[PDB]
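Peer 1: Provide a 3D model corresponding to the input given below.
(5 chains, ligands or ions: 6)
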Amino acid sequence: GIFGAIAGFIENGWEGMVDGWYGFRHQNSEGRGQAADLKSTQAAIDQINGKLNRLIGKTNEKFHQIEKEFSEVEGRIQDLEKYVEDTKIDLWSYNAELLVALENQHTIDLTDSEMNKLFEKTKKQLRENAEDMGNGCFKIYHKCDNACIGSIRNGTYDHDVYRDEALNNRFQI
Amino acid sequence: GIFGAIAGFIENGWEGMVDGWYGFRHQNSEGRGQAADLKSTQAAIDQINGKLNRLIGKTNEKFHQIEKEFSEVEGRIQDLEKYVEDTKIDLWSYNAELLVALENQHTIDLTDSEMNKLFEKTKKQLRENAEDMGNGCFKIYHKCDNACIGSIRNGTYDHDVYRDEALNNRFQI
Amino acid sequence: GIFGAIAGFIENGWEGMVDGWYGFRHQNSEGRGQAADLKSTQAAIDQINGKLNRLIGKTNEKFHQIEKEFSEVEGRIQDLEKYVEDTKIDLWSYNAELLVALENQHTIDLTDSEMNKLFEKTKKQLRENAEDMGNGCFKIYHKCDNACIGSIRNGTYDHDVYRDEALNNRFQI
Amino acid sequence: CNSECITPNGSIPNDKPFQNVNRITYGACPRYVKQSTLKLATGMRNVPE
Amino acid sequence: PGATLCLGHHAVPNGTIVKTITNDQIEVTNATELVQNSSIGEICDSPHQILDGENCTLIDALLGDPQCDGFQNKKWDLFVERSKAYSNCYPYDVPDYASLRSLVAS
Ligand SMILES: *[C@@H]1O[C@H](CO)[C@@H](O[C@@H]2O[C@H](CO)[C@@H](O[C@@H]3O[C@H](CO)[C@@H](O)[C@H](O)[C@@H]3O)[C@H](O)[C@H]2NC(C)=O)[C@H](O)[C@H]1NC(C)=O
Ligand SMILES: *[C@@H]1O[C@H](CO)[C@@H](O[C@@H]2O[C@H](CO)[C@@H](O)[C@H](O)[C@H]2NC(C)=O)[C@H](O)[C@H]1NC(C)=O
Ligand SMILES: *[C@@H]1O[C@H](CO)[C@@H](O[C@@H]2O[C@H](CO)[C@@H](O)[C@H](O)[C@H]2NC(C)=O)[C@H](O)[C@H]1NC(C)=O
Ligand SMILES: *[C@@H]1O[C@H](CO)[C@@H](O)[C@H](O)[C@H]1NC(C)=O
Ligand SMILES: *[C@@H]1O[C@H](CO)[C@@H](O)[C@H](O)[C@H]1NC(C)=O
Ligand SMILES: *[C@@H]1O[C@H](CO)[C@@H](O)[C@H](O)[C@H]1NC(C)=O
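Peer 2: Residues are numbered from 1 along each chain as shown, chains lettered A, B, ... in the order given. Ligands and ions are numbered 1, 2, ... in the order given. Below you will find the coordinate block:
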């Protein structure tokens, strides 16, 4: 939520993208297509799995304790045993509630972060050869086939190659 | 603080804006004016009300417990009751201290976030028709009356209408 | 990590920068040089010292408590004393582990944040006179001596002085 | 009168999550803490003219 | 000519200082108190059933000290013992007084 991409300037997600968490949809003179971006996707997963690594399968061994159920009324000593237990249960129950709320806020936010970073990296790569349409898409002001499109995705796009062409188109009258 | 808008590139807040948390001040050929942005304001309020919902009116019922004041010295049993109570109180006292500091950092940061988003959304809307002066304000390189200004605020500004006009002004010699 | 500057578009840190945490490296017709930015460094330091202030030298006084070691087997009363202490110990131990993980996450991110802000501030100052090369560096499209570079760092750079020059260079064919 | 939370000092409103009135309580009560005040931000940072 | 458009945020003249993770005193636009620090000084009789012990301890009402005859067979959610309470029958003690008192209270 906090970076404002996911559920923000990105209107919604793409249900037809089943091979990654983040990616690219393009349109050009040969048609329109889609490809997942591996690095951003993996980055998000690694952080979530890190949370999982701290939380899953990490239980503490406890052995002989105090009794916690009682068949006879006894008073003072029984009051104390039960209260200790009730007190313990409430604090652990508290930590867990807080933990989940906190982990969940940070997870929506970290995923929002990864989408935005991918946007920014892409934004920067195109230099003066593209403009931000405001909804996560870029208008590319030059002919850009799949190989061209592939180069952006592959991080090998050479902005200098297209610049004259792109500039003429942007700044036409 | 963490996004760097509020108490950052936004030099300060506007005390005369009392009908919203975020908004626009403009200057043009017909004058200068101010209007709150409802959507961003509501976004900030909603998250804060969400925190309150977890915190306000949510107390736990407790009934018979242990005694906590004592008129006679008794030794072993009384030390434990007191120790149990002090321990509980210290832990609850910790969570509360931790809760508020954490909530407050997140609240300042999320509000900073919403301001930046509004800046970002607005920045994107204007395309090549405006430039960022660096202090949260944009210089718009064309005549832009109230209807024009209203359109930016209203999210209906058509960058294409003014582009020729704006570009000539930006890239003059 | 979350803003994507540190360990992100900034390929790495500079070990040779020993008089600040953030700063500038430049190259121009008179050479290439380095200067720390004092304000951003201090901003990061100030936030970290604040955490330390909550944590360092702030211990709680405790006096007479319960016994915690025992030379004889006693059963019910002894089980409870031990259980009370173990329970206490486990909860304090939990808060600390969580505290450090949380504090550490926020510190890397806040430091990432400060780096990004300095980049963003710098980006705005240069207006249309520079382009983002995508790795935290700007290509400046005009002659820029030490005094020129110094002015950017010092926040007194006048984009109007160089704008005509820069535009001719940027928008060449 | 009508109040969910009773302490030896008297009944207290139970809207707040915490309280420093008395460690002794009965009913739907805020949890006792040592602080006399804990202020939760309900607005952004204030940066006056 | 053209125009200028500035983005900004509100502020108030009477902000309140709260503590955060990185600074113990930062001014914000508004805050709320999370610690209840006062009582009205009386115990409300609703919605819980209150039984005022007056001159009688729980144990004395139990045993049937004559001045506690009014308490016979009554129920309570919360029994309130007054510091002014006193016994006025045959002098007595209760081994583990606190437990009996407790079990009856509960
Ligand atoms: C600064 O912020 C506080 C808190 O956001 C504002 O307090 C608001 O005051 C009203 C009236 O007391 C509260 O209404 C009450 O709500 C509780 C539970 O929600 C309900 O049980 C009561 O019957 C009553 O209706 C309200 O909760 C509270 N705002 C919120 C959202 O918590 C205060 O107005 C602000 N101060 C200024 C000057 O802006
Ligand atoms: C609620 O009652 C308790 C108990 O009477 C009060 O605690 C006393 O506070 C005074 C003032 O500092 C101390 O001198 C006494 O030692 C305390 N008494 C005991 C037995 O702890 C407390 O002040 C009351 N709370 C409020 C908010 O009125
Ligand atoms: C509880 O017992 C006390 C003590 O005997 C009673 O206090 C007396 O009240 C009467 C009537 O006002 C006075 O004339 C006496 O001076 C008081 N005696 C003492 C020793 O103080 C009190 O009335 C009883 N309380 C209730 C509610 O039954
Ligand atoms: C990236 O582009 C290069 C240049 O064509 C190509 O050879 C290579 O297959 C691409 N790399 C990946 C991993 O897609
Ligand atoms: C947005 O545009 C519509 C269509 O002209 C207009 O009726 C409406 O008043 C505008 N909204 C605001 C609040 O300016
Ligand atoms: C910033 O530039 C101004 C104008 O020359 C000068 O007065 C000041 O010394 C400079 N600041 C630093 C620290 O270089």
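
Peer 1: in chain D, what residue lies closest to ligand 5?
Peer 2: In chain D, the residue found nearest to ligand 5 is residue D:44; the distance is 23.2 Å by CB to the nearest ligand atom. All C-beta spots, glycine's among them, are computed from the backbone N, C-alpha and C.

Peer 1: I'd like to know how far that residue sits from residue B:113.
Peer 2: Distance, residue D:44 to residue B:113, using CB to CB, to the nearest Å: 10 Å.

Peer 1: returning to what we had before: right, and the residue of chain D closest to ligand 5 touches residue B:6 too?
Peer 2: Yes: applying CB atoms under 8 Å, one finds residue D:44 in contact with residue B:6, separated by 5.9 Å.

Peer 1: with adjacent residues omitted, what lies nearest to residue D:34?
Peer 2: Of all residues not flanking residue D:34 in the chain, residue B:93 sits nearest, at 4.7 Å (CB to CB, 6 or more residues apart in numbering or on different chains).

Peer 1: which ones are touching the residue of chain D closest to ligand 5?
Peer 2: Contacts of residue D:44 were listed using CB atoms under 8 Å, 6 or more residues apart in numbering or on different chains, and they are B:6, B:21, B:44, B:107, B:108, B:111, B:112, B:115, E:9, E:28, E:29.

Peer 1: distance check, the residue of chain E found nearest ligand 1 against residue B:6.
Peer 2: Relative to ligand 1, the nearest point of chain E is residue E:30 (3.6 Å; CB to the nearest ligand atom). Going from residue E:30 to residue B:6 by CB to CB gives 14 Å.

Peer 1: and the residue in chain D that chain C sits nearest to, what is it in contact with?
Peer 2: Among all residues of chain D, residue D:34 sits closest to chain C, at 9.9 Å; criterion: CB to the nearest CB. Residues in contact with residue D:34 (CB under 8 Å, 6+ apart) are B:89, B:90, B:93, D:20.

Peer 1: still on that earlier bit, so the residue nearest to residue D:34 lies in a helix, does it not?
Peer 2: Yes: Residue B:93: assigned to a helix according to DSSP: H, G, I helix; E, B strand; the rest coil.

Peer 1: and it, how far from residue B:51?
Peer 2: Distance, residue B:93 to residue B:51, using CB to CB: 20 Å.

Peer 1: which strand in chain E runs the most residues?
Peer 2: The longest strand of chain E (DSSP state E) is strand E:3-9.

Peer 1: ok so, going back, which residue comes closest to the residue of chain D closest to ligand 5 once chain neighbours are left out?
Peer 2: Nearest non-adjacent residue to residue D:44 (CB to CB, 6+ apart): residue B:111, at 3.4 Å.

Peer 1: quick check: that neighbour touching residue B:45?
Peer 2: No: with contact defined as CB under 8 Å, residue B:111 does not reach residue B:45; the gap is 9.7 Å.

Peer 1: which residues touch residue 76?
Peer 2: All of this refers to chain A. B:66, B:77, E:96, E:98, E:99, E:102.

Peer 1: nope, chain E please
Peer 2: Contacts of residue E:76 (CB under 8 Å, 6+ apart): E:49, E:50, E:51.

Peer 1: likewise residue E:49?
Peer 2: Counting by CB under 8 Å, 6+ apart, residue E:49 makes contact with E:75, E:76, E:77, E:78.

Peer 1: now, of these, which are buried?
Peer 2: Buried members of the contacts of residue E:49, scored by 16 or more other CB atoms under 10 Å in any protein chain shown, are residue E:78.

Peer 1: so where do the strands sit in chain D?
Peer 2: Using DSSP E, the strands of chain D run over D:5-7, D:10-12, D:18-19, D:26-29, D:31-32, D:39-41.

Peer 1: would you format these as CSV with mean neighbour count and distance to chain C included?
Peer 2: Shown next, in CSV, are these (neighbours: other CB atoms under 10 Å in any protein chain shown; distance: least, CB to the nearest CB, whole Å):
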stretch, mean neighbour count, distance to chain C
strand D:5-7, 23, 25
strand D:10-12, 22, 26
strand D:18-19, 26, 17
strand D:26-29, 20, 21
strand D:31-32, 20, 15
strand D:39-41, 23, 16
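
Peer 1: among these, which is nearest residue B:156?
Peer 2: Of all the strands of chain D, it is strand D:39-41 that lies closest to residue B:156, at 34.6 Å by CB to CB.

Peer 1: got the contact list for that closest one?
Peer 2: Strand D:39-41 has contacts (CB under 8 Å, 6+ apart) with B:51, B:55, B:100, B:103-104, B:107-108, E:16-20, E:28, E:30-34.

Peer 1: do the same with stretch A:15-34
Peer 2: A:14, A:35-38, A:40-41, A:44-45, A:111, A:114-115, A:118, A:122, A:143-146, A:148-149, A:152-153.

Peer 1: for stretch A:88-103, same thing?
Peer 2: Contacts for stretch A:88-103 (CB under 8 Å, 6+ apart): A:51, B:54, B:60, B:88, B:91-92, B:95, B:99, B:102, C:87, C:91, C:94-95, C:98, C:102.

Peer 1: of those residues, which pair is most distant in space?
Peer 2: Between any two of the contacts of stretch A:88-103, the greatest separation by CB to CB is 28.9 Å, found for A:51 and B:88.

Peer 1: who has more neighbours, those two?
Peer 2: Neighbours of residue A:51 and residue B:88, each counted by other CB atoms under 10 Å in any protein chain shown, are more numerous for residue B:88; the result is 22 against 16.
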